[PDB]
Ligand SMILES: CNCCCN1c2ccccc2CCc2ccccc21
Ligand SMILES: CNCCCN1c2ccccc2CCc2ccccc21
Ligand SMILES: CNCCCN1c2ccccc2CCc2ccccc21
Ligand SMILES: CNCCCN1c2ccccc2CCc2ccccc21
Ligand SMILES: [Cl-]
C-alpha cells in the first residue's frame, strides 16, 4: 500500500469530518457499532512528529470519544498504534486545505484495511471522493459508505 | 437508464447476488436490513411478468420469498404492488454472465433505491462489478457491498 511522499503533519492540524469509508471486510463497517465505524473529529500533530486522532464511535446506544496516538516511524506517512507493529495508520494523500485520505491497516494474519476520506468542511466534495475512489482502486475493498452533510454535523454521524 | 430489447425468457434460471448498493445506509447495514436480499432464481411467466425467488437472513436462517414483478407499458420496468409505489428497473444484462437491476420505492418523504449485480455462477466477475460501478455513478448511492466466492456459495449466510 503506497503512502504519500513529503507529508507535513504540521499542516493537517484541526477539525475534520469523515465523509466516506471503505473496508476489506463488510463486517468492519456495516453495523452502526462495526469495529471500524469510527469518525475522525480532530487531527493533532505533536512536536515529536506523532499524530493524535480524536475519534467518535457508537457503543452501547451512545456516542463515545477516544484519542489514538499514532507514533512516527522512518516513513513520514506511516504511523504505528501498537508496540507489536501489527496495526498502522497509512496516510495516502492530502492537499492539507480540503481533504485527507488515510487507512487503518492490520497485517497480523489476510490483511485488514479500513480507509477514510476526511474533509475540512461538512459538505460533500466530489473531488475528494474521486481521489478516494482512485486511491482504493488497487485495494481489496468489499464495502463503501458515504455520508450527507446533516450526518457530518452530528455526533457519530446520526 | 433501463435497457432496450430486454428478453425475459433469456434472464430465466439460476443467479447469484455478487454486489448490492442503496440510496440509504440503513437499507443494507445488517443481515436484517430491508434490502439485504439474495436473488436465487428468475422465472418469466407466460404473461411476460418476472418472478424473483429471494433469500433473506432471519434469526440466523435463510427465509425464501417470491415477488412477482408485473410488466408495464415501459420495457424493463416492472411493478411489485397495485399502488405503484414499488418497482423493479432492469438496467442491463448480457443474459449469459450478469444482470443489473434496481428496486425503487417512491413513497414520501424520500425516494429509495436498492440495486444489485447478479452473476450466473458463484465466482467474482470484475467485468460485471465494473459495469455495476459505472451504472451506479449516475445514482445517489450511500452504501455498496460486494461478496467473495465463499459468500456467493453460502447464500444468505
Ligand atoms: C470494546 N470495544 C472497543 C472499541 C472502542 N474504541 C473506541 C471508543 C470510542 C471511540 C473510538 C474508539 C476506537 C478505538 C478504541 C481504541 C481503544 C479503546 C477503545 C476503542
Ligand atoms: C483488525 N482488528 C481491529 C479492527 C478495527 N480496527 C482496524 C480495522 C482495519 C484495519 C486495522 C484496524 C486496527 C486499528 C483500528 C483503529 C480504530 C478503529 C478500528 C480499528
Ligand atoms: C476491489 N475494487 C472494487 C471497486 C468497486 N467497488 C468499490 C469501490 C470503492 C470502495 C469499495 C468497493 C467495494 C464494493 C463495490 C460494490 C459495488 C460496486 C462497486 C464496488
Ligand atoms: C423499507 N423500504 C422498503 C423495503 C425494501 N425494499 C426496497 C428497498 C429499496 C427500494 C425499493 C424497495 C422496494 C421493495 C423491495 C422488494 C424486495 C426487497 C426489498 C424491497
Ligand atoms: Cl458509497
Percent RCO, i.e. relative contact order, over segment B:68-157, from Cα pairs under 8 Å lying at least 6 residues apart: 16
Using mean Cβ contacts within 10 Å as the protection proxy, how do B:134-142, B:48-56 order, highest first? B:48-56, B:134-142
Isotropically averaged projected area of chain A, using the convex hull of Cα atoms (one quarter of hull area), nm²: 8.8
If r is the Cβ-Cβ distance from residue A:50 to residue B:150 and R0 is 30 Å, what FRET efficiency results, to the nearest 0.05? 0.15
Given the C-alpha centroids of segment A:12-84 and segment B:16-87, what is the distance between them in whole angstrom? 37
Please compute, for peptide B:20-26, the average count of beta-carbon atoms on other protein chains lying within 10 Å of each residue's beta-carbon. 2
Starting from the Cα of residue B:26, move 7 Å in the Cα-to-Cβ direction to define the label point; list residues of segment A:18-48 whose amide nitrogen is under 15 Å from there. A:31-33
Taking the highest mean first, how do the peptides A:94-101, A:147-154, A:38-45 order by number of other beta carbon atoms within 10 angstrom per residue? A:38-45, A:94-101, A:147-154
Suppose we keep just the alpha-carbon trace of the protein assembly as shown; what are its Rg and Dmax in angstrom? 21.3, 74
Rounded if a/c under 1.5, otherwise prolate or oblate - segment B:73-157, Cα gyration tensor axes: prolate
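All Cβ positions, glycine included, derive from the backbone under ideal geometry; neighbour counts span all protein chains shown. A short reminder: the numbers here are calculations on the coordinates, not readings from a lab.
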